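# Architecture at a glance
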Amino acid sequence: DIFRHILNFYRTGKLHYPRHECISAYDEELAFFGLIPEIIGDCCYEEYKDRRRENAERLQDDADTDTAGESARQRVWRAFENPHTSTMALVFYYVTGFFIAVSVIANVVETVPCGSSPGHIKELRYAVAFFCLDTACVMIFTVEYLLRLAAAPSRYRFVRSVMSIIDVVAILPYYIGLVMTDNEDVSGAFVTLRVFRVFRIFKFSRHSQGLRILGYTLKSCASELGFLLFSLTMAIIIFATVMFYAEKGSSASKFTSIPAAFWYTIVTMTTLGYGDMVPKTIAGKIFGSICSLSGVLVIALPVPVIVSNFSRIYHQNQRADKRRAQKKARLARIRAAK
Amino acid sequence: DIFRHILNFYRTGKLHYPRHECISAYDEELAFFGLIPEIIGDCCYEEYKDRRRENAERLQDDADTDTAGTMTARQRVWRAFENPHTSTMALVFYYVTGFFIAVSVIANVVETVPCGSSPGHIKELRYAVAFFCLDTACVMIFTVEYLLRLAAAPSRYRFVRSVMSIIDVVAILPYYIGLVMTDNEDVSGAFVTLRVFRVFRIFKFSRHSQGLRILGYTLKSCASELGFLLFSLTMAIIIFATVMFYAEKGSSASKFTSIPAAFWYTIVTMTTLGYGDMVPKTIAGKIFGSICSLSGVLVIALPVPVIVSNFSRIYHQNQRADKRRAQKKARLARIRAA
Amino acid sequence: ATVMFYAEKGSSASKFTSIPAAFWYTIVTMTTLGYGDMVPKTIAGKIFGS
Amino acid sequence: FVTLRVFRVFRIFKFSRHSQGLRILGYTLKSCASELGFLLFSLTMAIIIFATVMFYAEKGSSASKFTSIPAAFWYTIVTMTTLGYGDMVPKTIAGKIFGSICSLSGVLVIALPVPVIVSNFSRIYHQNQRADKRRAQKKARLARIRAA
Amino acid sequence: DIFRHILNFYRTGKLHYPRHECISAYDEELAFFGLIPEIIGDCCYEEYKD
């Protein structure tokens, strides 16, 4: 059947690719017959290249099936980074997740009125022991990183990873607070450091598969996110300027300056509508409605490609385990079926 | 045609499956030639695999023949009213109990308006407790069906294990618990809680609906997606609430008392609801509220298309199944007609 | 609406006078409209509103 | 003078040179003129109908803000877009029912042409990317066919 | 090409419908050859009807 295509090619000087003969059957024939794969039509060339690519993404994951087969601090590192190895890795995974959960819930509770300054002014409870808990969690986290400091086959390669930078930036706040307390006490960046303290949630990227795939999707669609941001800035600037210039004349209009118009426009384009700032002139109302419509449009512009990329990556990642299992079953079955 | 692929297999160590021809003839040829089916390439292998599970999916329900022609036993009339179209008694029972459920729910909703069950007259003569009687008039009837369901239950254990049965139990129980409590004198508190389940009584409508069962099926299938939705939503709530609260602790009349208030603000902002009860005041607060709104749009819209697609495909496959069952019955009728 | 009324009928001057008011609030919430006329004030109210 | 100052932000569209998304959006808006016109027509029809129903059901109240039909236009356009500022709100039972149905109908009307616009933009972007990628791949094909 | 499908049908007792031969070419052949259009497979019957 492919020889017929070669005959047609020699007849006309241009070759075409059968659609129902696939590529791993076409490639073998074109290699055996010695044909040139860069003269196969124009439209057929493109569709053949696309199909070659489509069948090409599955030649490396099956190659990556073996993963790591090396054993020893390397062996314990392999058991650690992949929890589904032994009881030890499961124990550390579970306990680390539990302690991250207790740290974040403690940070949440830190300002609960029963657990904070209010609720007791007439007589005095405000247990400061929260502090100690934080300390414990922090050092435990550092112990984690300490093994990551040693078990990593390459120090620089591990540090370059985003997981390492997240871990270290969540480690810093406790030590920075200790250093600040060591040298007197000044108001200011202490609340800011407490703000950075919340970033400890991100360790669940290890205790999940959805967080890392979501990060993958966001990193892949960076151009579309930038287009979102640019178009949104254009729209907010235009609509805020128009509404300010059509509403600055009023009794006590909340549109004091352009940034107030930014606030109103960004709460409108997102269809939020707090009601703090509303127009009072006809031009104000009409441009507010147009702004809401344009905000719906702008926000809905890139979400289809975002959700499509997320879905595609999720299908491939979730089916990785499935076709791995069925290849394993086929491999077990084949050598006894001959 | 298939002999060509067979000869291609005997040419090398690999075989390929064309995408157009049906799988049935191909597996028939594989069986007749004595060829193993786990040797048909790798890409073509998985393509054949998905085609074969697709064609087995349309074949598993093809055996819907046991539902053919109060004639055999008690279980026979049980199955007769299980399908509310077999007999006149089944349909009348189904629709009449649907009307009873509807009137029960109407009584439940109307028992609080200040014209029929609350004093709209401080000194005049209505607050009829007849709803109770009506309620009892419903409750007894309700219990009836459950006993009827247990009158001819083919498997008591499996039927009790069913979600439909436990829904029925949770629907009928609260009145029994309330009357037992009244038999053991009246205490304020959980009485409103027992009254709440009077609207969980609604799920009896799942019999009188096809969409509800499909929604339950797709929610059961998409448990992982819902769990990831919950996890990512909680993470976003915590992060944005902490950032908002720590940036709004001090103001003239700040409503951000503590972290739970920031949870309320973050969940009314990400859902694009925007009640306006608590609003940001500082520039950092406004910026972080805006980014919270956009991120909430993203997070909410991440799993919703997945849920929607799963529901749509389940509905479509159900419709395809019933339509092809009807068409195969018609095919049998016309093949016996000539 | 029933859940929010039974979790919010106890308040100082709660606008949830009767179940139809809870219908109004619920239908302005499920549509993500949020006029702000009626808002919960108890923890159960807030969680069930979300 | 303020009107002349306004166009200082219409000056922004000079960024269309420094952007590919803006040109694609312009192309798809030009292609989908009929869809946008039907959007406008159906939206105006819904505005008129729901505003009339709301206003005629809310003329008389203690402190009703529905002074006239344009106020009902404002309410209908803040309700259909699921914005809900809260400046003017229904008070009567018929008013609440019609506000609810207005909100649902506005969701429907807004979501009718938006997927069409989105699909047209996506297909235009995809065909542009396919065109430039295949131009690059045919240049590479020429380079390798001259290499041997 | 459709005669080959008829041959396979007589070989096995069950007929299948080619996917690239369309229907207004399949219908004429099945009418000229007098085949029964209600024995053409099970999955193939459904896809042919669609």
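About the thresholds
Residues numbered from 1 in each chain as written, not as in the entry; some residues may be left out. Chains lettered and ligands numbered in written order. Part of a larger assembly, values for the part shown. Heavy atoms only, no water. Helix = DSSP H or I, 4+ residues; strand = E, 2+ residues; numbered from the N terminus. Rg over C-alpha atoms; globule rule 2.2 N^0.38 Å. Buried < 20%, exposed > 50% of the residue type's maximum accessible area, 1.4 Å probe, protein only. Areas by Shrake-Rupley, 256 points an atom, 1.4 Å probe, with all protein chains shown as cover. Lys, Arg positive; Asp, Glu negative; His and termini not counted. Charge placed at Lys NZ, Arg CZ, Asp CG, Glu CD. 1 Å grid on protein atoms, 1.4 Å probe; cavity = no way out; pocket = protein on both sides within 12 Å on 5 of 7 lines; lining within 4 Å. Points joined across faces, edges and corners; volume = space filled by probe spheres on them. UniProt positions renumbered as here; feature names shortened; annotations may be inferred. Contact = heavy atoms within 4.5 Å. Buried area = accessible area lost by both parts, 1.4 Å probe. Salt bridge = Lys/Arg side-chain N within 4 Å of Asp/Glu carboxyl O. Polar contact = N/O pair within 3.5 Å; in protein donor to acceptor, adjacent residues only side chain to side chain. Nonpolar A, V, L, I, M, F, W, Y, C, P; charged D, E, K, R; others polar. Axes fitted to C-alpha atoms, helices over the stretch in contact; angles between N-to-C directions. Left-handed = near helix turned anticlockwise from the far one by under 90°. Patch = residues over 30% accessible without salt bridge, like charges linked within 9 Å, V, L, I, M, F, W, Y side chains within 5 Å. Disulfide = S-S within 2.5 Å. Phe/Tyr/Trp six-rings, centres within 6.5 Å; stacked < 30°, edge-to-face > 60°. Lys NZ or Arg CZ within 6 Å of the ring centre and 35° of its normal. Expected span 1.5 Å × (residues − 1).

- Regarding how it was determined, this PDB entry cites cryo-EM in its header, along with a resolution of 4.2 Å.

### With respect to the overall build of chain B
- From N to C terminus, chain B includes 14 helices and 0 strands.
- In sequence order, chain B lays out its α and β elements as α-α-α-α-α-α-α-α-α-α-α-α-α-α.
- What you see for chain B is a C-alpha radius of gyration of 30 Å, clearly larger than the 20 Å of a compact globule of 338 residues, by over 25%.
- Dimensions of chain B, computed from the C-alpha atoms along their principal axes, are close to 95 × 70 × 35 Å.
- Burial analysis of chain B (338 residues in total) assigns 38% to the buried set.
- For chain B, the exposed surface amounts to about 19,300 Å²; the carbon and sulfur share of it is 67%.
- When the 39 positive and 29 negative side-chain charges of chain B are each reduced to one mean point, those points stand 3 Å apart.

### Section: empty space enclosed by the protein
- Empty space within the largest cavity amounts to approximately 80 Å³.
- Lining the largest cavity are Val104, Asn107, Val108, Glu110, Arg194, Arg197 and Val198 of chain A together with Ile238, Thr242, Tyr246 and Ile259 of chain B.
- Those elements giving two or more residues to the lining of the largest cavity turn out to be α5 (87–109) of chain A together with α11 (223–246) of chain B.

### A short note on the UniProt feature "intramembrane region" in chain A
- The feature "intramembrane region", as annotated in UniProt, sits at residues 259–270 and 271–278 of chain A in this numbering.
- Within residues 271–278 of chain A, the helical portion is 0% and the strand portion 0%, while the C-alpha atoms at the span's ends are 13 Å from each other.

### As for the interface of chain B and chain A
- Contact residues are listed per partner, giving 50 residues for chain B and 45 residues for chain A.
- Approximately 4,400 Å² of surface area, both sides summed, lies buried where chain B meets chain A, with 67% of it carried by carbon and sulfur atoms.
- Linking chain B to chain A there are 5 salt bridges.
- As a salt-bridge pair, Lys327 of chain A and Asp42 of chain B come within 3.7 Å of each other at their nearest N and O atoms.
- Inspection of the chain B/chain A interface yields 10 residue pairs in polar contact.
- Among the elements of the structure, α3 (43–60), α11, α12 (259–270) and α13 (283–301) of chain B are those that each provide at least two residues to the side of chain B that touches chain A.
- Looking at which element gives the most residues to the side of chain B that touches chain A, the answer is α11 of chain B, with 11 residues.
- Among the residues forming the side of chain B that touches chain A, the class breakdown is 28 nonpolar, 13 polar and 9 charged.

### What to know about the arrangement of the chains
- The interface with the most contacts, out of 5 pairs of chains in contact, is the one formed by chains A and B.
- There is a gap between chain B and chain D: no contact, and a shortest C-alpha distance of 8 Å.
- There is no contact between chain C and chain E; across them, the least C-alpha separation is 39 Å.

### Quick word on the packing of helix α3 (residues 33–56) of chain D against helix α4 (residues 69–80) of chain D
Residue and element names in this part refer to chain D.
- Running from N to C, α3 and α4 point in directions that differ by 120°, and their axes come no closer than 8 Å. In this structure, α3 crosses over α4, and the sense of that crossing is right-handed. Side by side, α3 and α4 meet where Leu43, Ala46, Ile47, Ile48, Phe50, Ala51, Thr52, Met54 and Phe55 of the first sit next to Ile69, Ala72, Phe73, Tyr75, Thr76, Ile77 and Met80 of the second.
- For the contact of α3 with α4, the residue count by class is 14 nonpolar, 2 polar and no charged.

### Digging into the UniProt feature "transmembrane region" in chain A
Residue and element names in this part refer to chain A.
- Under the feature "transmembrane region", the UniProt entry names residues 90–111, 128–150, 158–182, 189–208, 223–246 and 282–304.
- A distance of 34 Å separates the end C-alpha atoms of residues 223–246, which is 100% helix and 0% strand.
- Spanning residues 282–304, this segment combines 91% helix with 0% strand, and its end C-alpha atoms are found 35 Å apart.

### Considerations on the UniProt feature "binding site: K(+)" in chain B
- Mapped onto this structure's residue numbering, the UniProt feature "binding site: K(+)" falls at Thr272, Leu273, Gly274 and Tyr275 of chain B.
- Looking at where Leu273 of chain B falls in the secondary structure, it is placed in the loop between α12 and α13.
- Discounting residues that sit within four places of it in the chain, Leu273 of chain B has contacts with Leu272 of chain A, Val268 of chain B together with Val28, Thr29, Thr32, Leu33 and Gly34 of chain C.
- Secondary-structure assignment places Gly274 of chain B in the loop between α12 and α13.

### With respect to a positive patch on the surface
- On the surface, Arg8, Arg11, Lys14, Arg17 and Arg23 of chain D cluster together into a positively charged patch.
- When you line up the elements, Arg8 of chain D lands in helix α1 (residues 2–10).

### Brief notes about the state of the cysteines
- For the structure shown, the criterion picks out 0 disulfides over all chains.
- Summary of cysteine pairing: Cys22 of chain A is not part of a disulfide, and the nearest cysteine sulfur, belonging to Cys44 of chain B, is at 4.3 Å.
- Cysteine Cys43 of chain E remains unbridged, with the sulfur of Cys44 of chain E as its closest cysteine sulfur at 4.3 Å.

### Regarding the pattern of salt bridges
- For the coordinates displayed, the defined rule picks out 34 salt bridges over all chains.
- We note a salt bridge from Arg4 of chain A to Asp1 of chain A, for which the minimum N-O separation is 2.7 Å.
- Using a relative accessible area of 46% as the deciding quantity, one classes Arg4 of chain A as partly exposed.
- Taking the relative accessible area as the measure of exposure, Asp1 of chain A reaches 38% and is therefore partly exposed.
- With its nearest N and O atoms 2.8 Å apart, the salt bridge here joins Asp42 of chain B to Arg330 of chain A. One end of the pair, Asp42 of chain B, is in the loop between α2 (23–32) and α3; the other, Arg330 of chain A, is in helix α14 (residues 303–334), on a second chain.

### As for the side chain of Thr111 of chain A
- Locating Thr111 of chain A in the fold gives a position in the loop between α5 and α6 (130–151).
- Once you skip the residues sitting within four places of it in the chain, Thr111 of chain A turns out to touch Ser116 of chain A together with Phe245, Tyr246, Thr257 and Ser258 of chain B.

### Side note on the packing of aromatic side chains
- One pass over the full model with this rule turns up 53 aromatic pairs over all chains.
- Ring plane angle 70° and centroid distance 4.6 Å describe the contact between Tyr17 of chain A and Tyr48 of chain A, whose orientation is recorded as edge-to-face. Here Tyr48 of chain A lies in helix α3 (residues 43–56) and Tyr17 of chain A lies in the loop between α1 (2–12) and α2 (26–32), a separation of 31 residues in the sequence. Residue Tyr17 of chain A shares its accessibility class with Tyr48 of chain A, and that shared class is buried.
- Directly above the ring of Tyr6 of chain C sits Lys9 of chain C, whose terminal nitrogen or CZ lies 5.2 Å from the centroid.

### Let's talk about helix α2 (residues 19–30) of chain C
- For α2 of chain C, spanning 12 residues, the distance from its first C-alpha to its last is 16 Å, which sits close to the expected 16 Å at 1.5 Å a residue.
- If you check which residues of α2 of chain C are buried, you get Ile19, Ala21, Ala22, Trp24, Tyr25, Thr26, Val28 and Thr29 of chain C.
- Next to the buried residues of α2 of chain C lie α5 (88–110) of chain B, α1 (2–8) and α3 (43–49) of chain C together with α5 (93–111) of chain D.
- Just downstream of α2 of chain C, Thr32 of chain C is the residue with a positive phi angle, here 55°.

### A few points about the environment of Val180 of chain B
- Take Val180 of chain B: it is sitting in helix α8 (residues 163–183).
- With 122 residues separating them along the chain, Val180 of chain B and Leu302 of chain B place their C-alpha atoms 47 Å apart.

### Some thoughts on the interface of chain A and chain D
- Taken together, the contact between chain A and chain D spans 36 residues of the former and 31 residues of the latter.
- A combined buried area of about 3,100 Å² lies between chain A and chain D, and 75% of that area is made up of carbon and sulfur atoms.
- The tally of links between chain A and chain D comes to 0 salt bridges.
- Put simply, chain A and chain D have 3 residue pairs in polar contact between them.
- Looking at the side of chain A that touches chain D, the elements with two or more residues in it are α3, α11 (222–247), α12 (258–269) and α13 (282–300) of chain A.
- Per element, the largest residue contribution to the side of chain A that touches chain D is 9 residues, and it comes from α11 of chain A.
- For the side of chain A that touches chain D, the residue count by class is 21 nonpolar, 8 polar and 7 charged.

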